[PDB]
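Visitor: Have a look at this one before I ask anything.
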Amino acid sequence: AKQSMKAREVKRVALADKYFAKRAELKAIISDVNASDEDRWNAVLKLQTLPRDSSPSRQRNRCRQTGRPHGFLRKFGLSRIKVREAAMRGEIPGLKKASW
Amino acid sequence: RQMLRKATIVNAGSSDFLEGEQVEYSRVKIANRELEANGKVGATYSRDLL
Amino acid sequence: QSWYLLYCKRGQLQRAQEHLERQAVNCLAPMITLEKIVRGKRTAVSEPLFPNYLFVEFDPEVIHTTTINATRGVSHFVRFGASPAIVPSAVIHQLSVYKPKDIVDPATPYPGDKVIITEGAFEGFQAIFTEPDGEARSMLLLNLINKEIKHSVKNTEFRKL
Amino acid sequence: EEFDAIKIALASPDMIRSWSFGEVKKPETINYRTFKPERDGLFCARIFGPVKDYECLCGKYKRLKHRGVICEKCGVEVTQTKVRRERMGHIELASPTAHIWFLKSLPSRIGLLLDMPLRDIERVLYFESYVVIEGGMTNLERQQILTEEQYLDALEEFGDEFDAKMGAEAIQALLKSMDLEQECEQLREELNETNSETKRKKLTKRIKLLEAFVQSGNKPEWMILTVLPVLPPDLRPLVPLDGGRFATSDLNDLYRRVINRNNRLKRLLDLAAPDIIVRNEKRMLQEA
Amino acid sequence: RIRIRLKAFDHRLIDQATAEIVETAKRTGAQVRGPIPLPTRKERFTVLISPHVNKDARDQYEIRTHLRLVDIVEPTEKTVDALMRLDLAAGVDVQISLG
Amino acid sequence: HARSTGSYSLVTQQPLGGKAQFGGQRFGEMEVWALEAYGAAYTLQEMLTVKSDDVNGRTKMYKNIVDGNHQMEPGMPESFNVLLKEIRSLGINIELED
DNA sequence: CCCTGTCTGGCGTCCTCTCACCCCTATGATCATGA
DNA sequence: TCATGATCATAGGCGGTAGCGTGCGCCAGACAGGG
């Protein structure tokens with residue numbers, strides 16, 4: 001992937017980090033059935049106000065080395081290609097070719 | 001010889017000494033030897049015995 | 001015959017201050033309580049805060065000092081100079097009642113303190129009194145590759161075994 | 001190794017901190033249950049190193065293929081005991097302290113640096129007078145030494161912007177507020193203009209000191225110790241007399257006295273000094 | 001009683017670690033429970049090995065996390081305290097838990 | 001009395017003094033002057049670096065003597081490092097340039 | 001400021017050999033015996 | 001069972017309600033006294 005994409009993501013991550021408490025509180029308010037209607041409306045409008053990159057559902061998991069969006073794995077934080085390279089080169093602990 | 005080794009300056013001249021400084025003799029002799037060898041004016045001295 | 005701060009000695013006020021408070025003599029020192037687990041036992045003693053600093057009222061000339069020397073209360077005057085300096089009594093005059101700094105009991109622990117927790121074999125590591133609950137026993141505040149347990153130790157032990 | 005010169009100079013407190021591997025804080029030397037030393041007194045292990053070679057105090061590393069890693073229990077880098085001959089520690093003095101070699105060597109370098117006789121400097125450094133710093137737009141000068149009644153006068157009439165201190169803090173403020181360029185220019189102009197033989201000899205000695213002090217890289221406030229070094233523990237050895245006791249060397253006694261007096265002064269500055277009281281203890285520390 | 005959960009990728013290494021802890025226990029205290037083998041976690045992964053496109057071309061890796069449950073029935077003064085200074089070989093996550 | 005290689009003192013790594021302590025004779029100051037007065041330069045260098053003070057120098061010397069190679073690796077006196085630590089333990093900053 | 005007295009800092013051989021000496025006193029705590 | 005007395009072990013810097021110091025000598029350079 002490009003440098004720019006990586007930068008965008010980093011930004012998005014930063015924003016998620018920043019606004020977590022507020023966004024979660026707002027979600028809770030909106031959910032809370034034992035609450036005023038006007039308050040709920042205020043909450044949903046307030047959610048709208050916050051930045052979009054603040055959402056965690058915006059950020060895409062990439063390879064931590066290449067930034068490749070597809071073929072990702074969570075345990076390793078790497079795309080399939082780089083993961084395989086890692087297995088071969090010995091740098092992933094415990095990982096070896098499996099047969100059964 | 002090792003007694004009368006210091007010296008005192010009278011005219012500092014074109015070097016970087018003082019009027020009442022007590023610098024060692026071979027230092028001021030090489031200093032005005034390298035001043036006087038070119039087209040300059042050296043630094044003159046006077047000896048004291050320690 | 002007045003208030004004067006003197007570097008003195010300790011703990012035996014009432015005799016040199018028998019010489020003194022035989023008169024209307026005045027004496028003072030800063031104050032502090034001490035909770036100190038001396039030897040397996042918490043002890044509480046509100047003793048003077050300072051070392052030998054102490055305010056005594058007496059009169060210099062007619063009563064010469066070498067006669068009175070044979071007693072405590074005598075390291076020497078507050079001087080800042082050759083002469084025995086006339087001291088202010090700031091506490092007596094404008095600063096009567098104090099020590100709201102704390103009762104820290106200088107360097108002796110309160111609950112939650114971070115110091116040595118075990119000696120003998122397992123010590124070589126400042127494990128922690130997450131609570132000096134009661135000086136008795138528990139299983140250490142130890143931390144390896146599991147849960148952080150708290151003290152492993154008996155009465156005189158959890159601190160300096 | 002290879003070298004062609006031995007340079008000598010004054011030592012900044014950052015230099016004494018950068019020599020030092022730790023800080024001595026307590027005056028105990030040995031445990032005398034075993035002879036394993038007390039942390040972290042004069043003889044230490046986590047300041048100065050292990051007593052035995054590759055023999056960690058806690059003991060966990062003793063392999064030929066396991067060298068370089070430090071200990072975690074006692075935190076003692078399993079190395080050699082020769083390093084207890086070269087590691088130094090430092091003491092953080094609670095109040096600054098005048099070095100004696102620049103105060104009473106006859107001539108006094110602090111003396112004919114400040115243009116001030118030695119008796120006034122001794123009466124300021126031992127907490128029995130007052131010297132003036134930052135005199136302000138008042139009747140008082142800069143290098144004017146005072147007494148108790150005169151400081152009462154100057155704090156009644158001028159308890160505002162006037163200032164004056166005493167002890168080594170006052171000498172440190174005098175030496176730090178010294179401007180060397182102005183003193184060089186003023187002494188050169190005076191010896192151009194005054195021309196009296198007593199003043200000639202005295203001021204040419206003072207301008208020799210100032211040119212030798214400006215041309216080098218020293219600073220005047222480094223002559224007042226803030227941080228004091230300790231000698232490494234092999235060079236001040238604690239000999240046994242084969243009788244269960246240690247007739248100690250004189251150095252450990254001296255360092256033990258300084259650390260006792262300094263810890264008591266830290267505790268007395270902690271729990272507040274009784275007004276005109278935080279002075280006797282600093283006099284005792286200066287004299288130790 | 002002290003349950004101890006050893007986890008590692010290498011089984012020989014974990015075995016070595018189990019042994020060593022057992023020795024540590026046995027000298028100081030008494031009645032070590034024993035080194036019980038729990039099930040191993042075989043976390044498998046499939047990946048495409050081609051850079052661009054060959055879907056049937058694949059490699060299947062796995063990580064075998066091995067578990068060893070060691071238990072100490074009587075915690076004494078000396079025994080529990082031994083372990084602090086007795087760190088184990090690396091790549092072996094231990095997990096002690098008293099009670 | 002005679003001494004090839006015995007015990008060494010603790011604070012300054014020089015041999016001990018006396019006979020009951022198995023010690024070596026003091027090569028004093030006037031003998032240093034008397035070897036400056038000749039042109040003996042290597043004799044004085046081993047007389048106050050190899051034979052006396054420098055510990056790595058004297059172990060190299062002992063290996064070289066029992067192998068037949070008469071040669072000294074000089075090094076530095078360790079007591080000069082003690083002088084550096086005692087002057088350095090004041091407010092004085094002594095160093096070694098270059 | 002120009003002497004002239006006082007003051008306090010420096011310094012005072014080398015090498016070796018032998019011997020002694022290198023806290024005791026006071027206070028507090030614990031144990032045992034007697035009432 | 002409780003209280004008192006005796007014995008043993010462990011713990012710090014003139015000792016005292018002052019005064020101890022007193023039998024080297026020269027030189028030298030700064031600090032200050034007198035005029």
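By order of appearance in the structure tokens: chains A, B, ..., then residues from 1 within every chain, and ligands from 1 in the order shown.
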Write out as an NGL selection string all residues of segment 65-262 of chain D that backbone DSSP assigns to alpha helix (DSSP H).
Guide: :D and (111-114 or 118-125 or 148-157 or 168-176 or 180-193 or 197-214 or 250-262)
Visitor: Distance atom CA of residue 262 of chain D-atom CA of residue 285 of chain D, one decimal place?
Guide: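 Result for atom CA of residue 262 of chain D versus atom CA of residue 285 of chain D: 6.6 Å, one decimal.
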Visitor: Can you tell me, as a PyMOL selection string, which residues in segment 38-254 of chain D count as strand (DSSP E or B) by DSSP?
Guide: chain D and resi 52+55+63+66+88-98+130-131+145-146+165+224-230
Visitor: Could those residues be written to a file, using N, CA, C and O atoms, as a compact mmCIF listing (two decimals), in the first residue's frame?
Guide:
```
# COMPACT_ATOMS: atom_id res chain seq x y z
N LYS D 52 32.59 -10.46 45.21
CA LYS D 52 33.28 -11.59 44.60
C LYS D 52 33.07 -11.56 43.09
O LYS D 52 32.04 -11.08 42.61
N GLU D 55 30.35 -13.32 41.10
CA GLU D 55 29.55 -13.86 42.23
C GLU D 55 28.46 -12.85 42.61
O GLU D 55 28.71 -12.01 43.50
N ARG D 63 27.64 -18.83 34.58
CA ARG D 63 27.93 -19.66 33.38
C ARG D 63 28.94 -18.93 32.49
O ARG D 63 28.93 -17.68 32.49
N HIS D 66 27.11 -17.31 29.70
CA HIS D 66 26.08 -16.38 30.23
C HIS D 66 26.75 -15.19 30.91
O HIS D 66 26.63 -15.06 32.14
N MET D 88 32.78 5.22 41.50
CA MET D 88 32.63 6.23 42.52
C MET D 88 31.15 6.51 42.74
O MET D 88 30.33 6.27 41.85
N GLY D 89 30.82 7.00 43.93
CA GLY D 89 29.47 7.41 44.24
C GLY D 89 29.45 8.87 44.62
O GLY D 89 30.50 9.50 44.80
N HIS D 90 28.26 9.42 44.74
CA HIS D 90 28.14 10.83 45.06
C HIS D 90 27.17 11.01 46.21
O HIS D 90 26.27 10.20 46.43
N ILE D 91 27.37 12.09 46.95
CA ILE D 91 26.46 12.53 48.00
C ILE D 91 25.84 13.83 47.54
O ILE D 91 26.55 14.75 47.11
N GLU D 92 24.52 13.91 47.61
CA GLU D 92 23.80 15.14 47.33
C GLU D 92 23.69 15.92 48.63
O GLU D 92 22.90 15.56 49.50
N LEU D 93 24.48 16.98 48.77
CA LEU D 93 24.40 17.81 49.96
C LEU D 93 23.09 18.58 49.97
O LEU D 93 22.67 19.12 48.95
N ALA D 94 22.44 18.60 51.13
CA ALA D 94 21.13 19.24 51.24
C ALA D 94 21.23 20.74 51.12
O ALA D 94 20.28 21.38 50.66
N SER D 95 22.35 21.31 51.52
CA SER D 95 22.64 22.72 51.33
C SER D 95 24.06 22.82 50.79
O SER D 95 24.90 21.99 51.13
N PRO D 96 24.34 23.81 49.94
CA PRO D 96 25.69 23.96 49.39
C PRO D 96 26.73 24.23 50.46
O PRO D 96 26.42 24.58 51.61
N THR D 97 27.99 24.05 50.08
CA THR D 97 29.07 23.88 51.04
C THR D 97 30.36 24.40 50.45
O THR D 97 30.72 24.02 49.34
N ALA D 98 31.05 25.27 51.18
CA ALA D 98 32.27 25.87 50.66
C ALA D 98 33.43 24.91 50.77
O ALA D 98 33.67 24.32 51.82
N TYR D 130 25.80 38.47 57.97
CA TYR D 130 24.98 38.60 56.77
C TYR D 130 25.79 39.34 55.73
O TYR D 130 26.39 40.38 56.02
N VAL D 131 25.82 38.81 54.51
CA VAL D 131 26.38 39.55 53.39
C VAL D 131 25.21 39.93 52.50
O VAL D 131 24.12 39.35 52.59
N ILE D 145 29.15 43.75 54.39
CA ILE D 145 28.81 42.74 55.37
C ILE D 145 28.04 43.41 56.50
O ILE D 145 28.30 44.57 56.84
N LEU D 146 27.08 42.69 57.06
CA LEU D 146 26.18 43.23 58.07
C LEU D 146 26.35 42.46 59.37
O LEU D 146 27.26 41.65 59.54
N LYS D 165 21.64 37.51 52.17
CA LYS D 165 21.62 36.14 52.68
C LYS D 165 22.87 35.87 53.49
O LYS D 165 23.61 36.80 53.83
N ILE D 224 32.05 26.09 45.15
CA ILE D 224 31.17 25.78 46.26
C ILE D 224 30.53 24.44 45.95
O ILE D 224 29.79 24.32 44.96
N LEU D 225 30.83 23.44 46.76
CA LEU D 225 30.38 22.08 46.50
C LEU D 225 28.88 21.96 46.67
O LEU D 225 28.33 22.31 47.72
N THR D 226 28.20 21.48 45.64
CA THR D 226 26.83 21.04 45.77
C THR D 226 26.74 19.53 45.91
O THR D 226 25.98 19.02 46.74
N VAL D 227 27.54 18.80 45.13
CA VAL D 227 27.55 17.34 45.13
C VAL D 227 28.97 16.90 45.46
O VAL D 227 29.92 17.36 44.82
N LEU D 228 29.10 16.00 46.43
CA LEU D 228 30.41 15.65 46.96
C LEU D 228 30.76 14.21 46.62
O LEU D 228 29.94 13.32 46.89
N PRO D 229 31.91 13.93 46.04
CA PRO D 229 32.23 12.56 45.63
C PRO D 229 32.62 11.70 46.81
O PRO D 229 33.02 12.19 47.87
N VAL D 230 32.54 10.39 46.61
CA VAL D 230 33.10 9.45 47.58
C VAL D 230 34.17 8.62 46.88
O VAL D 230 34.12 8.37 45.67
```
Visitor: Just want the 12 Å neighbourhood of residue 33 of chain H, counted on only C-alpha atoms (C1' of nucleotides), with same-chain residues fewer than 3 positions away dropped. Output as a list in words.
Guide: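 Within the cut-off, the hits are residues 3, 4, 5 and 6 of chain G.
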Visitor: For segment 72-80 of chain D, work out the shell of residues within 6 Å, counting only C-alpha atoms (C1' of nucleotides) and skipping chain neighbours fewer than 4 positions away, then give it as a list in words.
Guide: residues 124 and 125 of chain C; 46, 53, 54, 56 and 58 of chain D
Visitor: Please build the interface table for chain D against chain F with a cut-off of 10 Å, listing for each qualifying residue the nearest atom pair and the distance in Å to one decimal; count only C-alpha atoms, order rows by chain and increasing number, and write it as a Markdown table.
Guide:
```
| residue | atom | partner | partner_atom | distance |
| --- | --- | --- | --- | --- |
| D:1 | CA | F:75 | CA | 7.4 |
| D:2 | CA | F:98 | CA | 7.7 |
| D:3 | CA | F:98 | CA | 5.3 |
| D:4 | CA | F:97 | CA | 6.5 |
| D:5 | CA | F:97 | CA | 5.1 |
| D:6 | CA | F:96 | CA | 4.7 |
| D:7 | CA | F:95 | CA | 5.4 |
| D:8 | CA | F:94 | CA | 4.4 |
| D:9 | CA | F:93 | CA | 5.1 |
| D:10 | CA | F:92 | CA | 4.9 |
| D:11 | CA | F:93 | CA | 5.0 |
| D:12 | CA | F:91 | CA | 8.2 |
| D:13 | CA | F:91 | CA | 9.0 |
| D:15 | CA | F:93 | CA | 8.4 |
| D:16 | CA | F:91 | CA | 8.4 |
| D:19 | CA | F:88 | CA | 9.6 |
| D:85 | CA | F:82 | CA | 8.7 |
| D:86 | CA | F:85 | CA | 7.8 |
| D:87 | CA | F:85 | CA | 9.6 |
| D:88 | CA | F:89 | CA | 8.4 |
| D:89 | CA | F:89 | CA | 9.6 |
| D:90 | CA | F:89 | CA | 9.5 |
| D:99 | CA | F:91 | CA | 7.8 |
| D:101 | CA | F:91 | CA | 9.3 |
| D:222 | CA | F:91 | CA | 8.4 |
| D:223 | CA | F:91 | CA | 7.8 |
| D:224 | CA | F:91 | CA | 9.0 |
| D:225 | CA | F:91 | CA | 7.3 |
| D:227 | CA | F:91 | CA | 9.1 |
| D:228 | CA | F:91 | CA | 7.6 |
| D:229 | CA | F:89 | CA | 5.3 |
| D:230 | CA | F:89 | CA | 5.9 |
| D:231 | CA | F:89 | CA | 5.7 |
| D:232 | CA | F:85 | CA | 7.7 |
| D:233 | CA | F:11 | CA | 9.4 |
| D:234 | CA | F:11 | CA | 6.1 |
| D:235 | CA | F:11 | CA | 5.1 |
| D:236 | CA | F:11 | CA | 7.2 |
| D:237 | CA | F:11 | CA | 6.8 |
| D:239 | CA | F:10 | CA | 9.9 |
```
